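Next up: the same protein chain in two forms, each one alone, written as structure tokens (structure 1, then structure 2).
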Structure 1
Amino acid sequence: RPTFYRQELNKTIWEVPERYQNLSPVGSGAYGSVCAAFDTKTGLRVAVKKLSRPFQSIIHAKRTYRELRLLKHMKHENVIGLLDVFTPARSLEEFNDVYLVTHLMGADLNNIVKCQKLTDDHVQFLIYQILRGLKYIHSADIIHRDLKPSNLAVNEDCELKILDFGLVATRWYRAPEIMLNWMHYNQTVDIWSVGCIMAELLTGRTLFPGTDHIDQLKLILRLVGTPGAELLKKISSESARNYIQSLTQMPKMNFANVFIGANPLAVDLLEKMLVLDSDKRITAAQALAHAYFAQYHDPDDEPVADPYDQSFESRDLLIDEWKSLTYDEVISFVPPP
């Protein structure tokens, strides 16, 4: 066991091994707080997240296990994984805190979109990396479900990693099949979000800035047109169909016109990503082979993930059970060294 030291930071207490130095708060970053630190072992900067109230309820306990399992499995240059996981607890009975550590990128995608609008070459590289990460995530039977600029960490080299897979409105980037309230979507839910991100990097504005779920659907349909016969026949929900079909029929707009002087290859990719019918939407793997990425695509360097056991997802267990399981995962952790 290494030696731990203690400090208060922004009302929050931090108990970490001495090898992590110079902790500086960087945010309240979802179900926890986050510090940038210096890892004396490697000489590299890291991000340390202290989970908030990890065993507060069955919901929190399952979430904590889910995150730790997910982060332990992700081993890909475009997805965050773990350099370290630790707890100051000496035993299971004293176990109430989890700390996770990963390479510090230092910003999200949004932290660059401000005051800037990107050239084609940078859009190609950023989206290529997103898709490269999604191919890997999707190959593990994981759907991100909340891809958005704030969930993409980006360093000064413009290298990118996807955050928070598996677990600035989310609404703005979410596929229409999940706006409508359908729980039989597929992995191309995430491809829609990529399309919204790409559009925004090219134009400099949020593609679908809706003020609620209904307005969001309305903004989406103004661009992509209202459901045709084929799609309408796949919708079970009477309320969903009745609503959609109670709207004034709207045609698909010309993407070449909406995205005027963008690379026409980018416009072609965008029209294959932002298709209403998710059965017809391009996959991450297919998108990687698209002509837009000819300068980046290498099919021998776009790997897939090892088998991911998500059987825990169907299980209804007690807090002490999720807690003990999380504990075992902390103790069995093997780093990249």
Structure 2
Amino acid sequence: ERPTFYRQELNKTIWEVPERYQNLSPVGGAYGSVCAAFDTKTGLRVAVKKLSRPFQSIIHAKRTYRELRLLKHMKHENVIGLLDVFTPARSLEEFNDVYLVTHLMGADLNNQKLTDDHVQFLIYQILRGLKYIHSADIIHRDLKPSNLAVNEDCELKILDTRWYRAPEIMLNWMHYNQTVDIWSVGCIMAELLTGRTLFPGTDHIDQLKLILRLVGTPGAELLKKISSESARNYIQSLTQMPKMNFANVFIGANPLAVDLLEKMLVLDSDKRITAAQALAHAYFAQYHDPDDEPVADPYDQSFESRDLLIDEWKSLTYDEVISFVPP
């Protein structure tokens, strides 16, 4: 049973949506565009997204497929997930338009200190989601407060500025790792605790100079891992500063919070607490339940390596729209 659609003009496009999605009102840009709407079937407010030029080129088509595969996979309280995907077409031939439905979102996390219990609860939920995302072998790569939607009773989702980027990710470094997301978290936690941006770098070189000011220049165990002779030269061509005490930088913070930050904001990704080890840190003792912290089903990313024609990506996408199960 196909629903009944109606057609409607919004954001200088024509939209064709199942009748269960009522009064669409645009929210906003240059990507595919989003309308907020009312879902009558579930009673909820939803973000409907019209993908623009979904199959315009090959890169375009593969981008669409990636987005659908991703959302379709995320089945977890703290991560954003897919409520619905649909198309007007009746065959593959007539297939051109892909609309996605997810929870409409109250408040992302841009903004004044928070209480140490609020930070605990906020960071716990971010970590809960990262353990899940990480166990499907996915790296978020760009965590920052505006990817963090919280709602009225403070329940938080990860949605998909260089202020929160891991330095291995800024300096293109191959010695990356899932824990780039973790560096980001430290940068958010610190921001919530103090009220101020931990590294408000004005530009690329500033950014790294600020980071090296807090953590110190790389030890010896870290130099052993830099391959480029010039990179090595250049790193120790820099001002040789020591590591600062965090208790001094995080004055009047819970010493467990301070401890945790010292395990997250480390230059060497191989020595950085993982999401799962962080959920066990004493700092979250009030919230940690080791049976309420689920990992994901394994996630086939093999399509990433592939080079295919527009009509193969489109066909693959259609298969995924056909097969969608509502939650």
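The first residue in the sequence of structure 1 is number 1, and each one after it adds one. For clarity, a rigid core is taken as the largest C-alpha set superposing within 1.5 Å between two forms.
Of the residues checked (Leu265, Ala256, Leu247, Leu92), the rigid-core alignment between structures 1 and 2 shows a Cα shift of at least 2 Å for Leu92 alone. Relative to the superposed core, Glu15 shifts its CA atom by 2 Å or more between structures 1 and 2. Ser237: CA moves 2 Å or more between structures 1 and 2 after rigid-core fitting.
With the core fitted, the CA of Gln56 sits 3.0 Å away from its counterpart between structures 1 and 2.
At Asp301, the distance the Cα travels between structures 1 and 2 is 0.6 Å after the core is superposed.
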